[PDB]
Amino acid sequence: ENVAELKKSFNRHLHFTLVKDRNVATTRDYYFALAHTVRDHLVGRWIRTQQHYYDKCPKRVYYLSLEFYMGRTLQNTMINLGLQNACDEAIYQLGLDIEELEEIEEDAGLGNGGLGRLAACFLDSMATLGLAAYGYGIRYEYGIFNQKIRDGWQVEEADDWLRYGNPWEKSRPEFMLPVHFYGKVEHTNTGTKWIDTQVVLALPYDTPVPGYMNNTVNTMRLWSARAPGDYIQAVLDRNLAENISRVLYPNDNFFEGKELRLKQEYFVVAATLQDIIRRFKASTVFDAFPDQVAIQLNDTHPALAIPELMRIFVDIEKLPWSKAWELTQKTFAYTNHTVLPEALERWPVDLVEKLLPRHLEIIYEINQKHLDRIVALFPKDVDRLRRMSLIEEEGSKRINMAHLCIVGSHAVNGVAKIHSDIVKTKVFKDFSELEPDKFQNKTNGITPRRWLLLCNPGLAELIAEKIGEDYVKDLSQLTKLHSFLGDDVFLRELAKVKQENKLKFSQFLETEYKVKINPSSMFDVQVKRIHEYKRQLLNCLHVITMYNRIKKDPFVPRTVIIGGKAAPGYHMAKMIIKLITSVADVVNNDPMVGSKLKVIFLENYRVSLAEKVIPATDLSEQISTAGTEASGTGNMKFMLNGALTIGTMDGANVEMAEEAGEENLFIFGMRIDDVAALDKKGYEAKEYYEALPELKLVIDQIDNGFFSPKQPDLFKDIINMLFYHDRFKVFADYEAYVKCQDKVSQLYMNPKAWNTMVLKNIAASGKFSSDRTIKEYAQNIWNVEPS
């Protein structure tokens, strides 16, 4: 692992692996040569790590998720293996730019946003904590679509990230497994039998998950679907079975009850459980299963894992229901990341019956023994029963997957105090009252490797020089930065790092779009999925408000960046995008405003891009309506990277305030109980429209066509929603939000005070390391021990 050997290895791969020489080698060839050179360093530890788990048999943790928002692997692997500087040097000496090589790698965007990214950070933390952890998901041929902007609107493009091949995956053919669909049930004397099913093969692909500087390399196993004139059609028709793992459903906090999606859910669940059972057996027999296996259900998407495990225990392993049921509960733990009713997974019974007849039976059975227990405890409370039932039958009966996850798991957790409380005491009150100890909180976290050492080497280096490198593995150590609260030199060094990041990102912005970026402008950014509850619409109102101010009285200059993908079928989100692009068009071109204000819709927001924009932001927008963001994680990334936060008391924003002190965050707007009171009284949007002149103008402008002269009624739908159907009370926080924004500008005029607040935020980031999050999961849910 010295420069000379890394270089010879690079040349060896370019030659034998890419079949190229320096004469005709492409940039892609160089990236691959480097990827392979780095990859070779993972094998030894990967083999030894998995060997170790088999020998020592520690309890294994299986993170079952439909999403793994991994991003790029090259740099992350180099850093965790402590190879980055040596590789950087090797590539430099070969006359190549390692950064250009790194940009060649496609993001493994097998996730939509927060949920999927949390799984990625967890895999990193679990490997860094030396846990015998495994990630189980689907190897979508197409991840979250690539987003482009045409005439101001979002346009989707298929993300075939595997086009040129993925060097970071290793197919494991010997572990292929069959998954069954449809067919019918038969209750023979030899047990229940699911027959006449269609079979789809599940081919596993393993991706190494290197812990940070610790010799352990865990595994992320993703399953790919494979089929088991007229002849030609039959061959072509193999595409149907393979379509199961073809595309990631692009919905963020929205349930789409498509049959193909249900197929994916069962697919990953069936293959995973079988693979887990097989491994357990390769280690009466299943009495130790729960002590050797923990399966975390990442949201209800893999809820079917409960009846599937039961199906395996009962129909296959011939275990009695009672025993199987206890083993099941001991095995599963469920994490709730949802709050919005539209995000709730509720599969119509008819669909499940046709696709998974045996599972429906097992679910009715579970529900039966579940309700019999309630009736026994509350003989008279009838509403209780249909309220706690796994089946809701109000015209088109459907299965409440969350309820199934609650009864089939020994632990249920929310992802932030405020959220876990709501989940426990409100959403699933009937359940928590019966099983208090079942519900928990596990406040989310982000990995400080990818989200600091990787994306912000400048900040990482500065911090390291002041307090050592212990913080990488123990982020709580960041509090030591408090000793520099008075250190003017340090405060200057901190701001410089931010400046460099902003300068670097500004070049990016300029090369990508025709807009001159004011390098000294405050970087105000809101990057996250486009959704009404996240309210980038409110941000847009504020942008317009600032525009009207400059026009009226021609101020802290700022570059307002808003980015995020909208689900293809999410109409309002797409309108909001067009709204933002429209507004940006007028503001960026109005000569009167000039360099005072610039607006950018950051296109194709994704993990690798987040790694670029976050380190360069000054003001982080986390303005969801109180009670809507279960937790949020971008908020944590911004905090860790030197940005101040403007947001509501929602999700983890609350805990960020607790950690750094509420005065060091720009909190504003209604709080959960405030929103409750307004719903009580009834929300009348027109009220604020009338009482708020700056607001009225903004609205009139967008509704009049000021931002769409060639098509004056373009934003009609947004207006109507905002006035008669805004479930997220956008106008209700407008004033508080705008006032808060001005305060931010005020502080920004004072570099010493601004960076002093930044330091307090960075120094209080510790809690938000996913390492801390995983330790809690390990200790209070999986009953597992680091290393």
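Here, rigid core means the biggest group of C-alpha atoms that superpose within 1.5 Å across both forms. Residue numbers run from 1 along the displayed sequence.
Overlaying the structures in 8 other deposited structures of this protein on the rigid core, point out which of 441 to 449 and 712 to 720 has the bigger RMS C-alpha shift.
-> Farther from the shown form on average in 8 other deposited structures of this protein: 712 to 720.
Do the Cα atoms of 375 to 383 stray more than those of 488 to 496 in 8 other deposited structures of this protein, or is it the other way round, with the core held fixed?
-> The answer is 375 to 383, which departs more from the shown form in 8 other deposited structures of this protein.
Among the other compared PDB entries, is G229 dropped in a third or more?
-> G229: unmodelled in at least a third of the other compared entries.
Indicate whether the chain is continuous between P228 and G229 or, if not, how many deposited residues are absent from the coordinates: none, 1 to 3, 4 to 9, or 10 or more.
-> Unmodelled stretch: 10 or more residues.
Missing from the model but present in the deposited sequence, between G165 and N166 = Gap between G165 and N166: none, chain continuous.
According to the deposited model, is the average Cα temperature factor higher in 503 to 511 or in 663 to 671?
-> Between 503 to 511 and 663 to 671, it is 503 to 511.
Which of 167 to 175 and 474 to 482 has higher mean CA B factor, as the PDB entry lists it | The stretch with the larger mean CA B-factor is 474 to 482.
Which one of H36, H52, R60, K752 shows the top CA temperature factor in the record?
-> Of the candidates given, the C-alpha B-factor peaks at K752.
Can you tell me which of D237, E532, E465, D107 has the highest Cα temperature factor in the record?
-> When the deposited C-alpha B-factors of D237, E532, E465, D107 are compared, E465 is largest.
Sort the modelled residues of this chain by their C-alpha B factor and say whether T773 lands in the lowest, middle or highest third.
-> As the PDB entry reports it, the C-alpha B-factor of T773 lands in the lowest third of its chain.
Once the chain's modelled residues are ordered by C-alpha B factor and cut into thirds, is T17 in the lowest, middle or highest one?
-> It belongs to the lowest third of the chain when residues are ordered by C-alpha B-factor.
Could you look up the Cα B-factor of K263 in the entry and say which third of the chain it sits in: lowest, middle or highest?
-> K263: CA B-factor falls in the lowest third of its chain.
CA B-factor placement of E365, once the chain's modelled residues are sorted into thirds | Middle third - that is where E365 ends up once the chain's C-alpha B-factors are sorted.
Where the record places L714 (Cα B-factor, split into thirds across the chain) | As the PDB entry reports it, the C-alpha B-factor of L714 lands in the highest third of its chain.
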